[PDB]
Each structure stands twice: as structure tokens, then as C-alpha cells.
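This report refers to the structure that appears directly beneath it.
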Amino acid sequence: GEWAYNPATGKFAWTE
């Protein structure tokens, strides 16, 4: 359960 940065979108996404 963490926020990972997505270089493609320029935003963080929530992952498990």
C-alpha cells in the first residue's frame, strides 16, 4: 500500500 510515481502521467498512483 504505497504511492508510486508514474513518469508517464507525471503523478503518483496507489499500488499494493
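Identifiers in this document derive from the order of the C-alpha cells: chains are assigned A, B, ..., residues are numbered from 1 separately in each chain, and ligands are numbered from 1 in order of occurrence.
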Just want the 10 Å neighbourhood of residue 2 in chain A, counted on only C-alpha atoms, with same-chain residues fewer than 4 positions away dropped. Output as a CSV table (one decimal) with N, CA, C and O atoms, in the first residue's frame.
```
chain,number,residue,atom,x,y,z
A,12,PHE,N,1.4,10.5,-9.0
A,12,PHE,CA,1.6,9.3,-8.2
A,12,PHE,C,0.3,8.5,-8.3
A,12,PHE,O,-0.8,9.0,-8.5
A,13,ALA,N,0.5,7.2,-8.3
A,13,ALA,CA,-0.6,6.2,-8.3
A,13,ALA,C,-0.5,5.3,-7.1
A,13,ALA,O,0.6,5.0,-6.6
A,14,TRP,N,-1.7,4.8,-6.7
A,14,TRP,CA,-1.7,4.0,-5.5
A,14,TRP,C,-1.6,2.5,-5.9
A,14,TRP,O,-2.3,2.0,-6.8
A,15,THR,N,-0.6,1.9,-5.3
A,15,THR,CA,-0.4,0.5,-5.6
A,15,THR,C,-0.3,-0.4,-4.3
A,15,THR,O,-0.2,0.2,-3.2
A,16,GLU,N,-0.4,-1.7,-4.4
A,16,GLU,CA,-0.4,-2.6,-3.2
A,16,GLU,C,0.8,-3.5,-3.4
A,16,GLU,O,0.6,-4.7,-3.8
```
As a ChimeraX atom specification, please: every residue in chain A that DSSP puts in strand (DSSP E or B). /A:2-6,11-15
File of the preceding selection, N, CA, C and O atoms, as a short mmCIF file (atom, residue, chain, number, x, y, z; two decimals), in the first residue's frame:
```cif
data_model
loop_
_atom_site.label_atom_id
_atom_site.label_comp_id
_atom_site.auth_asym_id
_atom_site.auth_seq_id
_atom_site.Cartn_x
_atom_site.Cartn_y
_atom_site.Cartn_z
N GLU A 2 1.24 1.70 -1.19
CA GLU A 2 2.16 2.81 -1.31
C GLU A 2 1.87 3.64 -2.56
O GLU A 2 1.23 3.17 -3.50
N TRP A 3 2.34 4.88 -2.54
CA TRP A 3 2.24 5.76 -3.70
C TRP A 3 3.49 5.65 -4.56
O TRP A 3 4.60 5.90 -4.09
N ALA A 4 3.32 5.27 -5.81
CA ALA A 4 4.43 5.15 -6.74
C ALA A 4 4.32 6.22 -7.81
O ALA A 4 3.22 6.53 -8.27
N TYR A 5 5.43 6.81 -8.19
CA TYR A 5 5.41 7.87 -9.19
C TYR A 5 5.36 7.28 -10.59
O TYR A 5 6.12 6.37 -10.92
N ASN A 6 4.47 7.81 -11.41
CA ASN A 6 4.35 7.38 -12.79
C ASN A 6 4.91 8.46 -13.71
O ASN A 6 4.27 9.49 -13.92
N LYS A 11 2.23 11.92 -12.25
CA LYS A 11 1.51 11.89 -10.98
C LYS A 11 1.79 10.59 -10.25
O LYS A 11 2.35 9.65 -10.82
N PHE A 12 1.44 10.54 -8.97
CA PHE A 12 1.58 9.33 -8.18
C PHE A 12 0.34 8.46 -8.32
O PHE A 12 -0.78 8.97 -8.47
N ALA A 13 0.53 7.15 -8.28
CA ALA A 13 -0.56 6.20 -8.34
C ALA A 13 -0.50 5.28 -7.13
O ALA A 13 0.58 4.99 -6.62
N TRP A 14 -1.66 4.84 -6.67
CA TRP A 14 -1.73 3.98 -5.50
C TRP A 14 -1.57 2.53 -5.90
O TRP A 14 -2.28 2.03 -6.77
N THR A 15 -0.62 1.85 -5.28
CA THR A 15 -0.37 0.45 -5.57
C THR A 15 -0.32 -0.36 -4.27
O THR A 15 -0.20 0.21 -3.18
#
```
